[PDB]
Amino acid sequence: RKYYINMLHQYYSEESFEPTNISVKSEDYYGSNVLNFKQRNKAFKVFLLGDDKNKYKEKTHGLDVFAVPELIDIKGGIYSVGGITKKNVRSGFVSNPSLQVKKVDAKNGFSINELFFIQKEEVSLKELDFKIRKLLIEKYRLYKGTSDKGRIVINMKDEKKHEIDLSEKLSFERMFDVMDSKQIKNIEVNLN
């Protein structure tokens, strides 16, 4: 609604971070398990919730993290949820699934291709959701002009798919889901 959409716009407009090849072990943070680490002067605090709550008790190596802040602290720390993937195994890798943004629920509509590259062999749904929404905000004025009624559909070569409702923020639990980027057949966004 009025305040909820301003929230979406602020959240999905924020700057993201992609620290890579991280070695870390989970620690307690007032009852939540988190991954504390630094890279390129930024300090990160990645929360582990739900099914992944107890997932990195042993020191784990070679992790990549897509971070979006839920809060930035008074010292600049980035508190993010999920976004943990396994780094690319030694090799070149770039996926380039088609991405169409369309309005098809009226007489006068549109359909437009966008160029989307994914440089990780394993990518989080969190990342796809964030980057696509950011593009929808800047190019299509999502949450500032364009209605929040719509969806992002990521179709897998399996024919399975991941659907994201634009009218709500991705749930924290889905911020842990991961997939092989080469298995993404296409991505379709419907702006209703």
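Residue indices: 1-based, along the sequence shown.
- Where residue 91 is followed by residue 92 in the displayed chain, the model omits 1 to 3 of the deposited residues that sit between the two.
- As recorded in the PDB entry, 146 to 154 is the stretch of 146 to 154 and 126 to 134 with the greater mean C-alpha temperature factor.
- Averaged over Cα atoms, the B-factor as recorded in the entry is higher for 21 to 29 than for the other of 173 to 181 and 21 to 29.
- The top Cα temperature factor in the record, among 51, 70, 165, 64, falls on 51.
- The PDB entry assigns residue 5 a C-alpha temperature factor belonging to the highest third of its chain's modelled residues.
- Residue 111 sits in the lowest third of its chain by CA B factor, as recorded in the PDB entry.
- Looking at the C-alpha B-factors along this chain, the one for residue 161 belongs to the highest third.
- Sort the chain's modelled residues by C-alpha temperature factor and residue 141 lands in the lowest third, per the entry.
- In this PDB entry, residue 118 carries a Cα temperature factor that places it within the middle third of its chain's modelled residues.
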